[PDB]
Amino acid sequence: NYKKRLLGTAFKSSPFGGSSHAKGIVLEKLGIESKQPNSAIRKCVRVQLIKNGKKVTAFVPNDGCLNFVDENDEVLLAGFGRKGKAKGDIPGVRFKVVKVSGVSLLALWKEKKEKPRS
Amino acid sequence: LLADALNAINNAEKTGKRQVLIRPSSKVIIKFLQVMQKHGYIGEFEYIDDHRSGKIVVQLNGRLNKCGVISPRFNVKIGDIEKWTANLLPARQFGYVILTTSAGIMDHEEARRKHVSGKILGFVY
RNA sequence: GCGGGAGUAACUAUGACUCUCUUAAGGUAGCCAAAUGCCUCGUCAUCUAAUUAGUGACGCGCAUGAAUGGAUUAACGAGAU
RNA sequence: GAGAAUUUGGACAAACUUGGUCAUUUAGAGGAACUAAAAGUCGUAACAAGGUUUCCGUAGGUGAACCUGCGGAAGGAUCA
RNA sequence: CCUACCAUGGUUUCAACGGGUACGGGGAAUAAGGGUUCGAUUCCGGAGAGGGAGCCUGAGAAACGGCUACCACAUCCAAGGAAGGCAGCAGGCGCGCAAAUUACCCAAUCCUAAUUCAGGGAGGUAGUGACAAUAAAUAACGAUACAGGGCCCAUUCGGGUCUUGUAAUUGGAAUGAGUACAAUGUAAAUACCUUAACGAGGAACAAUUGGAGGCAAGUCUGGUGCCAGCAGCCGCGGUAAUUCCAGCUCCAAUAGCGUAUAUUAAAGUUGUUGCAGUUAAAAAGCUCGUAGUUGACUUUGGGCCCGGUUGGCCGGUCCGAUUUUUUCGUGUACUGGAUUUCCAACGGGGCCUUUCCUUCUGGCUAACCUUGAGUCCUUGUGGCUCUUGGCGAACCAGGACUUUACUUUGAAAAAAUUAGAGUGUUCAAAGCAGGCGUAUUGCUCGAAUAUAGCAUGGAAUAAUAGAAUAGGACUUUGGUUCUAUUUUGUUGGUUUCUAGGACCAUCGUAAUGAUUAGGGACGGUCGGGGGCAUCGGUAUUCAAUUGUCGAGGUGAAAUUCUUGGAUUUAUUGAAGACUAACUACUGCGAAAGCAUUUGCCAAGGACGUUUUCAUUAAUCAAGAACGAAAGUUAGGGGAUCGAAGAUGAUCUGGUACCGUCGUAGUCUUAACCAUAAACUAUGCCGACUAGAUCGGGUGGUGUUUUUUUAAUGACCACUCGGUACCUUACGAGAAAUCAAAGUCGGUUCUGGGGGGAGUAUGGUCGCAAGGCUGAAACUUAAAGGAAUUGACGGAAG
């Protein structure tokens, strides 16, 4: 048949499959800086997946600066940057870390605050 | 020959020529212009001698908004007339599609009365 | 025939660039530990019962450089691992 | 006359082993390039006619953005 | 299916074969539809049972719970040797974002075995989880007391309507669930349903989540200070933060709320319906031509193909039972939807076909589909009239009836007119129609087949040979003989009818409407289109010689050139390149491109009366040929100017501009590479719509030129082609502007954010520099076009 060569829409995500989230055993906990318009050291982790086996960097927001996501943490990894564009301040991250989840539930939640959860 | 045809008579009505001056003769010109006469879109017509082919005469009366051809002569059905009548005529109630039916060249709603399919030539509204 | 001494970039670490002395005046395209390397089992990957060859580079160039020429690049041998 | 077991011969299906050839993936000496990022080095190329009008194609040469030969364009006003 | 032998074919750019990927359909999601994306559950079909092999048993198997040998795994074992395969249910381990009990049962339905009745991890049920939909839904009433602000009315005294608070307020009523008792249906089990009375307990079984700068309903105060933090986008946080954090303060929805996945919509952003290309991304450098796609035109039926509309299955409605619009079953009708392939009927569109025709001689013989009009009948609409159901006319559509008519020929003085003949064939059945009981004939309906004759072929007619069929005469009953009819082959005279071949004229009028669409021959004509061979002039340079003493450059300068006589002035000789003026708002060539004069070979365009073949045409991926300049190879040549290279000057530097010299190039033949901001930034071809200049042809009964008068002219009217172009109304567009780049078709090319990139890699071409074809990771939130204001200039006035 006829058509010009159309490419289907591609999410800029190195994990694939048909899965929302993913487990990952982690290497290190980093604290990287950012691009031009904003300062502050923003926290990240080097998540290596089990099923897919890809190296990704993920932003860990939390009300805990040195919150527990260590070297060998079984952390759950979601989207945010898969959904929408990738983040402006600290580029490279396009994955956000989920709280208290997975099989083992090692990575902790937002602490020192007593507004409703999230 | 099809392209030019309905554009010449349309531009005549746009400016407001009382008679329009058109010409050819062999055997796909004049009886849908009698369907136009029945519907009250044009008036009278006659024939004048030439050296080769012929000369027509058509009397107008300031009716045509846009007529034009359907340049590929597509197949119309006795159900799907109005898929074309949607885009061909921007108005419904006004205008008609001229089908080249199996029962000669006639109107589209007349074609549903006979229950006859065919091809298409042009629109008038 | 084709240079020395001195000072200098966040931070381990380096010298872009700048000054000064000296002489007639101080080198490009491209490549490197050599039929040439004091220093050197240098430094790294792969191979091997050990394996420095096979083959992968490192930069720590005693002392690479366009006509008695760099460089593109197929065929052929009682010649070399 | 029949059944079991043994031997010889014919034809069929597919596996296993060895060699050659092609594609893909991983490890990898080694080699070339890009993107992002503060400060620097050297020149003023581009930007007003930026004080030699620019840019693009192509060829040669230079520490360096570059300079020069040749052609053309308006991406200099006006239809050069 | 298989082998032996023989032939050499078969398939393929309408995509073979290979590689990668994938079960397929009914269907499911989204959408207005077109379409796009999927193939879970259900249902139908195929294929598979640790791996690989083979067989038996049997009607059915090369067999999940069958068998044998072999291999790998894990297991038992007296070590001799055996026994195994959860892609059946429940469950274990591992994988993962992640998905449920080692439950109950044969009652009901269905399958298996005379019935009883037994078996079923099929199935009918239960348990687990907001997983989703759904309903109840996140709660709502009659009555009374008091306080505050707003509005209608007011006799101003109050009264009415009406609710963010408040009170041990009062009367209460109400579900969901448990428990005791009664009553009910199926049971093998777990949990029992429904109504009423009485007592007790709990209570509409605890309401949370998200947002508050714009997009997107909703702001204030504290605290923190680029930190802690939030971020889908653009962004916010470094002291007065509606964006962080907490409060109170608001908005929206609610048993769900937010996030994440992924498809579709938004998206007319892959355009079939339904997209752009002068300047934003986009016409291939230009010609030419094959396959392919498309097709001016008269009259026709058949054949072929495309496209319906109607009937077959399912659902709803209709009917019966029933409380029912639940649901089930049967029959019929209507309506809607689906699988997209076959048959048949009915009207098309596109596709295909000839004046004429043996000859002395006579010229001989014969004819049209259909359209249109009229009349009758039938249907629908509207008007008048009836509570509503009747009537006359017009018009639409369908059917029937209908000839005048058309034509080849004769007789006529001509001719009116008249006389004769014709307007398809065959077969079976069913209906109606002359005379008769019928038969049979004619017409209509439906099919099949074919659609100018005289070389040729068929029939009639005659002869002869073979075969078939019927009747008669005979028969030692096989057969012979005669006659009639049909069919096949062959021959001849005459009569009648049918195919096929060559060549030419005209364009008539009815179905898209001011149409000569393709190639030239004949005769005149223009041009810097091409290649070669000659020739002329000016300027420059070099060489030789005379008369005569310093020049050349620049902003100043110097390198440089001169007393060994330069510049120069004149004469003489030589070598190469270019052609001032004419020269243009000019012409030619499809584009690249083309300037002295003359000659030869040789091409194309435009005009004119015509003559003439008769769609021959248009366009065209691939393919073929041609190619400015720069570059390369081999052999020549080098006057005039010069990349590279060498000196002088300038400057902070000056590897440049400037000045003095000078190499390759620049020129030439042959061969190659093949590109340019290769341009009108606008594809080719054909028809519609007001207004210059150059070339051809015609006219100007008048005037001028002028002595081979050719004035080719002057100057004016037109009529055609090219159309430097100018200028402009309608109209279009985002606008500048265009005058089609407005607007239309047939066909071909091309675009889908910027950077990465015309790069990487492979293929292909090249002698080599390099050309052609041609991405992604990743980065980012914009790049870009049209149009404006103002500052500035070693810009102007």
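Can you pull out every residue in the stretch A:1-50 that is among the small types (G, A, S) and farther than 30 Å from A:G64 by Cα? A:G8, A:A10, A:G17, A:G18 - these are the residues of the stretch A:1-50 that are among the small types (G, A, S) and farther than 30 Å from A:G64 by Cα. Within the stretch A:61-114, being over 18 Å from A:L27 (Cβ atoms) and of a type in the set (G, A, S) holds for A:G64, A:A78, A:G79, A:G81, A:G84, A:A86, A:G88, A:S101.
Looking only at residues of the stretch A:42-53 that are surrounded by fewer than 18 Cβ atoms within 10 Å (Cβ to Cβ) and more than 14 Å from A:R94 (Cα to Cα), we find that the one that is nearest to RNA strand D (Cβ to nearest atom) is A:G53.
Within the stretch A:83-97, the set of residues being buried (at least 16 other Cβ atoms within 10 Å of the Cβ) and either in a loop (DSSP other than H, G, I, E, B) or in contact with a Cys (Cβ under 9 Å, 6 or more places away or on another chain) (or both) comprises A:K87, A:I90, A:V93, A:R94, A:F95, A:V97.
Does A:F68 meet the test of being within 8 Å of RNA strand E (Cβ to nearest atom) and more than 14 Å from chain B (Cβ to nearest Cβ)? For A:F68, the condition - within 8 Å of RNA strand E (Cβ to nearest atom) and more than 14 Å from chain B (Cβ to nearest Cβ) - is not met.
A search for C-beta distances below 7 Å between a residue of the stretch A:6-35 that is of a type in the set (F, W, Y) and any residue that is near RNA strand E (Cβ under 7 Å from one of its atoms) and part of a loop (DSSP other than H, G, I, E, B), counting only pairs 6+ apart in sequence or on different chains, returns A:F11/A:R82; A:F16/A:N52. Has the stretch B:87-97 got any residue that is surrounded by fewer than 14 Cβ atoms within 10 Å (Cβ to Cβ) and near RNA strand E (Cβ under 6 Å from one of its atoms)? Yes, because at least one residue in the stretch B:87-97 is surrounded by fewer than 14 Cβ atoms within 10 Å (Cβ to Cβ) and near RNA strand E (Cβ under 6 Å from one of its atoms).
A short reminder: the numbers here are calculations on the coordinates, not readings from a lab. So basically every Cβ, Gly included, is an ideal-geometry build from the backbone, and we count neighbours across all protein chains shown.
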